[PDB]
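Heads up, the thing below is written out as structure tokens.
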Ligand SMILES: Cc1cc2nc3c(=O)[nH]c(=O)nc-3n(C[C@H](O)[C@H](O)[C@H](O)COP(=O)(O)O)c2cc1C
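Protein chains in written order, with our numbering: chain H, 16 to 241; chain Y, 901 to 1059; chain V, -3 to 76.
Have a look at this one:
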């Protein structure tokens, strides 16, 4: 790749690796990499429609976001010490592929081109006393989950999952031990991407600290927010 | 029955994008095609970004970087070009322990730093049960990719 | 499936244009006639021993042909 650095600009001196069999398919020059990889993939698509789908696309299945699967309607779930984790997450994500499907099964959340562990999967870790509740599980837009753990003995809502406009996952992270007793909730937003399968949930890091600062306000400072 | 168990399925995405659903394509959410690590070819960080913007998994040629800081500058140079949340992986050689004394002690950290490097590939050899053990848990990788060239190298990865 | 040699001709790779022109000019060989590289250029590709002696597939250019000849004349020959 540096024929400018060979003596007489002659490639015939160079050592360039190649395959004896693959060479008989490489004839068009410098085609875009997307062009050839797509010519392969859609070629397979044509070869697979003609066999198992009769050249009619509508026979296709449909999935919200494709991917995320390791090779290996309004209910509740009480969890205890031995509450198995993966069954727990299955019971929470559900069967349908939606934001709820990933929120417990997607292991990584992008923070603007950086992959860090799923926070939702951290907080909902199976333990004692947690009585999670899934309501309105049929439709996704109206699906809301509420984890209410025991607090000072009694159960009170601690976590609230729900969708927003623009399909924005928010985890209403509540804490009730408050200066006025009335619970304070920490709104954590995330972008759900049905088009990027491997990591559909991408946390909005913009303005992220302010809504944390504002939550901590009412925890400590007895003044307006500025 | 392998003809039905691993039958190549078809998948439509919400955007209306078609996919060849296999067992492999169902971890990467991406077509079941990839470009292997290639020390002359997949060393150029701008190309390893051009294809992963086409949405095809790539290995980054480890054998092209004679250092730890050089490959780090390459990693960050592609991060500067991949779309938000995109991913690539790197390729290591195993007959070159000097190549392996950078990556592993580097991969542990850039992963702990959380880079989009979401798989490894140890080419030109297969590690032992013992050294190939920590690559999956110490290294926050999604999957591991081993290159068999022999008939015993396949028994080894099965081990 | 992974695609090594199919890629090197793409425009996004960094190989020099003349190198791509020859990598296109060489016609491949089907798998039935695959092992004939150890002996000859097979449609423009040979195998040569590494400095470790292990084989490498390379396009049969004048340079790598000289490499091959030196392998079987000079380096195969023993130390003294
Ligand atoms: C230019 C070039 C560089 C390669 N570099 C490596 C490498 O660094 N490590 C490795 O394990 N395989 C390497 N390979 C081999 C590929 O991993 C893969 O096995 C090969 O491309 C498959 O052959 P094909 O191109 O005919 O499909 C290289 C192949 C080529 C053509």
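Where a beta carbon is used, it is the ideal one built from N, C-alpha and C, also for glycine.
Assign residue i to one of two classes, buried (16 or more other C-beta atoms within 10 Å of its C-beta) or exposed (fewer than that).
i: residue 51 of chain V; result: exposed
i: residue 1010 of chain Y; result: buried
i: residue 71 of chain V; result: exposed
i: residue 1062 of chain Y; result: It is not possible to answer for residue 1062 of chain Y, since the shown part of chain Y is limited to 901 through 1059.
i: residue 16 of chain V; result: buried
i: residue 235 of chain H; result: exposed
i: residue 67 of chain H; result: exposed
i: residue 935 of chain Y; result: buried
i: residue 1002 of chain Y; result: buried
i: residue 26 of chain V; result: exposed
i: residue 1018 of chain Y; result: buried
i: residue 194 of chain H; result: exposed
i: residue 165 of chain H; result: exposed
i: residue 231 of chain H; result: exposed
i: residue 181 of chain H; result: exposed
i: residue 205 of chain H; result: buried
i: residue 906 of chain Y; result: exposed
i: residue 1030 of chain Y; result: exposed
i: residue 1040 of chain Y; result: buried
i: residue 915 of chain Y; result: exposed
Just checking residue i against ligand 2 - is the residue's beta carbon closer than 8 angstroms to any of the ligand's heavy atoms?
i: residue 1047 of chain Y; result: Ligand 2 is not part of the structure shown, which contains ligand 1 as its ligands.
Whole angstroms are fine: how far does the CA of residue j sit from the CA of residue i?
i: residue 1065 of chain Y; j: residue 225 of chain H; result: For chain Y, the structure presents residues 901 to 1059; residue 1065 of chain Y sits outside this window and is missing.
i: residue 904 of chain Y; j: residue 941 of chain Y; result: 37 angstroms
i: residue 1028 of chain Y; j: residue 128 of chain H; result: 33 angstroms
i: residue 229 of chain H; j: residue 81 of chain H; result: 37 angstroms
i: residue 927 of chain Y; j: residue 199 of chain H; result: 38 angstroms
i: residue 16 of chain H; j: residue 10 of chain V; result: 6 angstroms
i: residue 72 of chain H; j: residue 64 of chain H; result: 7 angstroms
i: residue 210 of chain H; j: residue 77 of chain H; result: 13 angstroms
i: residue 1043 of chain Y; j: residue 991 of chain Y; result: 13 angstroms
i: residue 908 of chain Y; j: residue 213 of chain H; result: 19 angstroms
i: residue 227 of chain H; j: residue 144 of chain H; result: 27 angstroms
i: residue 993 of chain Y; j: residue 1051 of chain Y; result: 19 angstroms
i: residue 64 of chain V; j: residue 25 of chain H; result: 19 angstroms
i: residue 84 of chain H; j: residue 178 of chain H; result: 23 angstroms
i: residue 19 of chain H; j: residue 14 of chain V; result: 11 angstroms
i: residue 30 of chain H; j: residue 56 of chain V; result: 8 angstroms
i: residue 1037 of chain Y; j: residue 190 of chain H; result: 33 angstroms
i: residue 142 of chain H; j: residue 53 of chain H; result: 47 angstroms
Taking the alpha-carbon of residue i as reference, which of the options has the nearest alpha-carbon?
i: residue 39 of chain H; options: V:3, V:10 and V:35; result: V:3
i: residue 966 of chain Y; options: Y:985, Y:937, Y:999 and Y:983; result: Y:999
i: residue 41 of chain H; options: V:61, V:59, V:48 and V:39; result: V:39
i: residue 37 of chain V; options: V:49, V:47, V:53 and V:48; result: V:53
i: residue 910 of chain Y; options: H:61, H:27 and H:29; result: H:61
i: residue 67 of chain V; options: V:76, V:6 and V:34; result: V:34
i: residue 156 of chain H; options: H:77, H:191, H:176 and H:101; result: H:176
i: residue 133 of chain H; options: H:79, H:118 and H:145; result: H:118
i: residue 86 of chain H; options: Y:1044, Y:924 and Y:913; result: Y:924
i: residue 963 of chain Y; options: Y:1045, Y:1008 and Y:995; result: Y:995
i: residue 41 of chain V; options: V:65, V:24 and V:1; result: V:24
i: residue 913 of chain Y; options: H:28, H:79 and H:107; result: H:79
i: residue 987 of chain Y; options: Y:970, Y:1004, Y:957 and Y:971; result: Y:957
i: residue 174 of chain H; options: H:120, H:111, H:136 and H:55; result: H:136
i: residue 100 of chain H; options: H:131, H:69 and H:140; result: H:140
i: residue 192 of chain H; options: H:171, H:90, H:208 and H:186; result: H:171
i: residue 115 of chain H; options: H:208, H:93 and H:53; result: H:208
i: residue 33 of chain H; options: V:60, V:49 and V:74; result: V:60
i: residue 951 of chain Y; options: H:57, H:21, H:74 and H:51; result: H:51
i: residue 151 of chain H; options: H:222, H:109 and H:238; result: H:109
i: residue 955 of chain Y; options: Y:943, Y:929 and Y:977; result: Y:929
i: residue 0 of chain V; options: Y:901, Y:946, Y:949 and Y:961; result: Y:961
With which residues is residue i paired in a DSSP beta bridge?
i: residue 206 of chain H; result: H:183 and H:217
i: residue 912 of chain Y; result: H:77 and Y:918
i: residue 961 of chain Y; result: Y:991
i: residue 53 of chain V; result: V:43
i: residue 1023 of chain Y; result: Y:993
i: residue 1045 of chain Y; result: Y:1021
i: residue 188 of chain H; result: H:174 and H:201
i: residue 93 of chain H; result: H:146
i: residue 166 of chain H; result: H:169
i: residue 160 of chain H; result: H:149 and H:176
i: residue 935 of chain Y; result: Y:958
Give the residues from the stretch 31 to 64 of chain H that approach chain V closer than 7 angstroms (Cβ to any Cβ), ordered along the chain. 31, 32, 33, 34, 35, 36, 37, 38, 39, 40, 41, 42, 44, 45, 46, 47, 48 and 51
Members of the stretch 916 to 935 of chain Y near chain V, C-beta cut-off 9 angstroms: 932, 933, 934 and 935
Closer than 9 angstroms, Cβ to Cβ, to anything on chain Y: give me those residues from the stretch 207 to 218 of chain H, in chain order. Only those residues of the stretch 207 to 218 of chain H whose C-beta falls short of 9 angstroms from the nearest C-beta of chain Y are listed: 208, 209, 210, 211, 212, 213, 214, 215 and 217.
By the 8 angstroms beta-carbon criterion, what residues does the stretch 51 to 69 of chain V contribute toward chain Y? none
Which residues, in order along the stretch 63 to 85 of chain H, keep a beta-carbon less than 7 angstroms from a beta-carbon of chain V? none
When Cβ atoms are compared, which residues of the stretch 126 to 150 of chain H fall closer than 9 angstroms to chain Y? 126, 127, 128, 129, 130, 131 and 132
For the stretch -1 to 20 of chain V, which residues have a beta carbon sitting closer than 9 angstroms to at least one beta carbon of chain H? Here the close residues are -1, 0, 1, 2, 3, 4, 5, 6, 7, 8, 9, 10, 11, 12, 13, 14, 15, 16, 17, 18, 19 and 20.
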